[PDB]
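Colleague: So that you have it, the file is target-v2.cif, and it contains mmCIF, C-alpha atoms:
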data_coords
loop_
_atom_site.group_PDB
_atom_site.id
_atom_site.type_symbol
_atom_site.label_atom_id
_atom_site.label_comp_id
_atom_site.auth_asym_id
_atom_site.auth_seq_id
_atom_site.Cartn_x
_atom_site.Cartn_y
_atom_site.Cartn_z
ATOM 1 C CA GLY A 4 4.810 9.281 -11.065
ATOM 2 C CA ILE A 5 4.767 10.546 -7.471
ATOM 3 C CA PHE A 6 7.803 8.431 -6.529
ATOM 4 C CA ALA A 7 10.025 9.762 -9.324
ATOM 5 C CA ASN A 8 13.683 9.758 -8.214
ATOM 6 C CA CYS A 9 12.865 7.810 -5.024
ATOM 7 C CA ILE A 10 14.893 4.713 -4.210
ATOM 8 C CA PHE A 11 13.315 2.679 -1.420
ATOM 9 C CA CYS A 12 15.082 0.146 0.769
ATOM 10 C CA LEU A 13 12.340 -2.309 1.796
ATOM 11 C CA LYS A 14 12.695 -3.915 5.219
ATOM 12 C CA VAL A 15 9.179 -5.359 5.409
ATOM 13 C CA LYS A 16 9.933 -9.039 6.054
ATOM 14 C CA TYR A 17 6.901 -9.609 8.299
ATOM 15 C CA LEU A 18 4.265 -8.214 5.939
ATOM 16 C CA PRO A 19 2.063 -10.766 4.129
ATOM 17 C CA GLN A 20 3.549 -11.651 0.724
ATOM 18 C CA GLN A 21 0.628 -10.030 -1.136
ATOM 19 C CA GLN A 22 1.305 -6.751 0.689
ATOM 20 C CA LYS A 23 5.060 -6.938 0.028
ATOM 21 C CA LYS A 24 4.288 -7.374 -3.666
ATOM 22 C CA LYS A 25 1.699 -4.551 -3.615
ATOM 23 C CA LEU A 26 4.256 -2.185 -2.034
ATOM 24 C CA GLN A 27 6.731 -3.060 -4.797
ATOM 25 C CA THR A 28 4.230 -2.587 -7.640
ATOM 26 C CA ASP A 29 2.913 0.655 -6.083
ATOM 27 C CA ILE A 30 6.502 1.925 -6.044
ATOM 28 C CA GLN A 31 7.418 0.685 -9.559
ATOM 29 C CA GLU A 32 4.184 1.827 -11.224
ATOM 30 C CA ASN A 33 4.610 5.376 -9.866
ATOM 31 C CA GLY A 34 8.166 6.121 -10.960
ATOM 32 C CA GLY A 35 10.113 4.724 -7.984
ATOM 33 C CA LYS A 36 12.729 1.989 -7.565
ATOM 34 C CA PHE A 37 13.252 -0.427 -4.681
ATOM 35 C CA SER A 38 16.026 -2.560 -3.204
ATOM 36 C CA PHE A 39 16.238 -5.040 -0.336
ATOM 37 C CA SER A 40 19.671 -3.639 0.597
ATOM 38 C CA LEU A 41 20.486 -0.316 2.272
ATOM 39 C CA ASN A 42 23.147 1.672 0.398
ATOM 40 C CA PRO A 43 24.122 5.370 -0.127
ATOM 41 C CA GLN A 44 21.767 5.653 -3.146
ATOM 42 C CA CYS A 45 18.631 4.892 -1.067
ATOM 43 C CA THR A 46 16.435 7.974 -0.490
ATOM 44 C CA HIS A 47 14.032 6.152 1.830
ATOM 45 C CA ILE A 48 13.851 3.025 3.960
ATOM 46 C CA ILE A 49 10.430 1.446 4.544
ATOM 47 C CA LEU A 50 10.277 -0.451 7.832
ATOM 48 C CA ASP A 51 7.337 -2.570 9.010
ATOM 49 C CA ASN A 52 6.587 -2.591 12.737
ATOM 50 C CA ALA A 53 8.214 -6.001 13.482
ATOM 51 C CA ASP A 54 11.553 -5.115 11.807
ATOM 52 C CA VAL A 55 14.370 -3.223 13.579
ATOM 53 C CA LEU A 56 17.552 -1.461 12.457
ATOM 54 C CA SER A 57 21.055 -1.850 13.880
ATOM 55 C CA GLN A 58 23.072 1.133 15.054
ATOM 56 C CA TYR A 59 25.232 0.556 11.955
ATOM 57 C CA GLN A 60 22.157 0.913 9.754
ATOM 58 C CA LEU A 61 20.969 4.017 11.633
ATOM 59 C CA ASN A 62 24.417 5.615 11.217
ATOM 60 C CA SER A 63 24.285 4.903 7.471
ATOM 61 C CA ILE A 64 20.776 6.397 7.269
ATOM 62 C CA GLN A 65 21.893 9.585 9.045
ATOM 63 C CA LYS A 66 25.097 9.819 6.988
ATOM 64 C CA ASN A 67 23.245 9.437 3.662
ATOM 65 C CA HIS A 68 20.177 11.513 4.646
ATOM 66 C CA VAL A 69 17.834 8.542 4.193
ATOM 67 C CA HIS A 70 14.184 9.035 5.246
ATOM 68 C CA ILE A 71 12.814 6.272 7.531
ATOM 69 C CA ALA A 72 9.105 5.571 6.923
ATOM 70 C CA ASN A 73 6.425 2.958 7.688
ATOM 71 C CA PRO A 74 4.435 1.292 4.832
ATOM 72 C CA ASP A 75 1.553 3.750 5.317
ATOM 73 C CA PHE A 76 3.798 6.379 3.706
ATOM 74 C CA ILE A 77 3.449 4.381 0.460
ATOM 75 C CA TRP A 78 -0.194 3.350 0.923
ATOM 76 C CA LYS A 79 -1.448 6.839 1.788
ATOM 77 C CA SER A 80 0.670 8.663 -0.822
ATOM 78 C CA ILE A 81 -0.807 6.329 -3.471
ATOM 79 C CA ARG A 82 -4.303 6.869 -2.062
ATOM 80 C CA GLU A 83 -4.005 10.672 -2.027
ATOM 81 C CA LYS A 84 -2.300 10.535 -5.458
ATOM 82 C CA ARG A 85 0.393 12.782 -4.002
ATOM 83 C CA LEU A 86 3.759 12.321 -2.298
ATOM 84 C CA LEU A 87 2.995 13.015 1.390
ATOM 85 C CA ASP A 88 5.203 14.383 4.181
ATOM 86 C CA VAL A 89 7.561 11.514 4.992
ATOM 87 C CA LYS A 90 8.224 13.193 8.370
ATOM 88 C CA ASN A 91 4.673 12.153 9.389
ATOM 89 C CA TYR A 92 5.537 8.444 8.933
ATOM 90 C CA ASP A 93 8.807 8.051 10.868
ATOM 91 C CA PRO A 94 8.679 5.051 13.280
ATOM 92 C CA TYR A 95 11.495 6.726 15.265
ATOM 93 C CA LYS A 96 10.008 10.238 15.462
ATOM 94 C CA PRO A 97 6.229 10.010 16.015
#
Can the structure from this file be put into structure tokens for me?
Modeller:
Amino acid sequence: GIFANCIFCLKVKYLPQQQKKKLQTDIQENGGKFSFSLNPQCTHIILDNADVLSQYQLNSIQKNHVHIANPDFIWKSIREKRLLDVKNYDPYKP
């Protein structure tokens, strides 16, 4: 699937439960894996609008070349049936 070899850290605490679950299944069903923890193996971190990241987390992300994206990265990639440009979904670089 389109998320082959992607490992997503999910920081989406403030999404409705149904949406959290849909993000997970969208990821799993299309070749990806997800965690709730941020570690060197993450390729991406998905961050809903109400969540924030510490400086520690941001340093880790930079160090490990992790892509920061909003949930629309997942939703719209699934919709277009194609992995989109994650650079268009960065809550820190609009």
Colleague: What gap, in Å, lies between CA of residue 18 in chain A and CA of residue 6 in chain A?
Modeller: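 Between CA of residue 18 in chain A and CA of residue 6 in chain A the gap works out to 21.1 Å.
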Colleague: Name every residue that the PyMOL selection byres ((chain A and resi 38-49) around 9) selects in this structure, writing the answer as a short mmCIF file (atom, residue, chain, number, x, y, z; two decimals) with C-alpha atoms, keeping the file's coordinate frame with chains first and numbers rising.
Modeller:
data_model
loop_
_atom_site.label_atom_id
_atom_site.label_comp_id
_atom_site.auth_asym_id
_atom_site.auth_seq_id
_atom_site.Cartn_x
_atom_site.Cartn_y
_atom_site.Cartn_z
CA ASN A 8 13.68 9.76 -8.21
CA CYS A 9 12.86 7.81 -5.02
CA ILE A 10 14.89 4.71 -4.21
CA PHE A 11 13.32 2.68 -1.42
CA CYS A 12 15.08 0.15 0.77
CA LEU A 13 12.34 -2.31 1.80
CA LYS A 14 12.70 -3.92 5.22
CA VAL A 15 9.18 -5.36 5.41
CA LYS A 36 12.73 1.99 -7.56
CA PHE A 37 13.25 -0.43 -4.68
CA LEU A 50 10.28 -0.45 7.83
CA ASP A 51 7.34 -2.57 9.01
CA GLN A 60 22.16 0.91 9.75
CA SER A 63 24.28 4.90 7.47
CA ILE A 64 20.78 6.40 7.27
CA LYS A 66 25.10 9.82 6.99
CA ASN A 67 23.24 9.44 3.66
CA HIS A 68 20.18 11.51 4.65
CA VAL A 69 17.83 8.54 4.19
CA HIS A 70 14.18 9.04 5.25
CA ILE A 71 12.81 6.27 7.53
CA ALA A 72 9.10 5.57 6.92
CA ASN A 73 6.42 2.96 7.69
CA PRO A 74 4.43 1.29 4.83
CA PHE A 76 3.80 6.38 3.71
CA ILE A 77 3.45 4.38 0.46
CA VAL A 89 7.56 11.51 4.99
#
Colleague: When you draw a straight line from CA of residue 82 in chain A to CA of residue 33 in chain A, how long is it in Å?
Modeller: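 Going from CA of residue 82 in chain A over to CA of residue 33 in chain A, I get 11.9 Å.
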Colleague: Quick one, how far is CA of residue 85 in chain A from CA of residue 19 in chain A?
Modeller: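 Between these atoms lies a distance of 25.0 Å.
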Colleague: Could you tell me which of A:35, A:53, A:4, A:97 comes closest to residue 17 in chain A if we count only C-alpha atoms?
Modeller: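 Between A:35, A:53, A:4, A:97, the residue approaching residue 17 in chain A most closely is A:53.
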Colleague: Taking into account all atoms listed in the file, which residue in the set A:75, A:34, A:24, A:52 is nearest to residue 90 in chain A?
Modeller: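 Nearest to residue 90 in chain A: A:75.
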Colleague: Using all atoms of range 24-28 of chain A that appear in the file, construct an axis-aligned enclosing box with 5 Å of padding on every side and provide its centre coordinates and edge lengths in Å, rounded to one decimal, as lines of an AutoDock Vina configuration file.
Modeller:
center_x = 4.2
center_y = -4.8
center_z = -4.8
size_x = 15.0
size_y = 15.2
size_z = 15.6
Colleague: Find, counting all atoms listed in the file, the residue in A:21, A:93, A:16, A:29 that gets nearest to residue 80 in chain A.
Modeller: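 Smallest separation from residue 80 in chain A among the options: A:29.
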Colleague: For residue 94 in chain A, which residue out of A:20, A:55, A:7, A:30 is the nearest one, using all atoms listed in the file?
Modeller: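 Selected residue with least distance to residue 94 in chain A: A:55.
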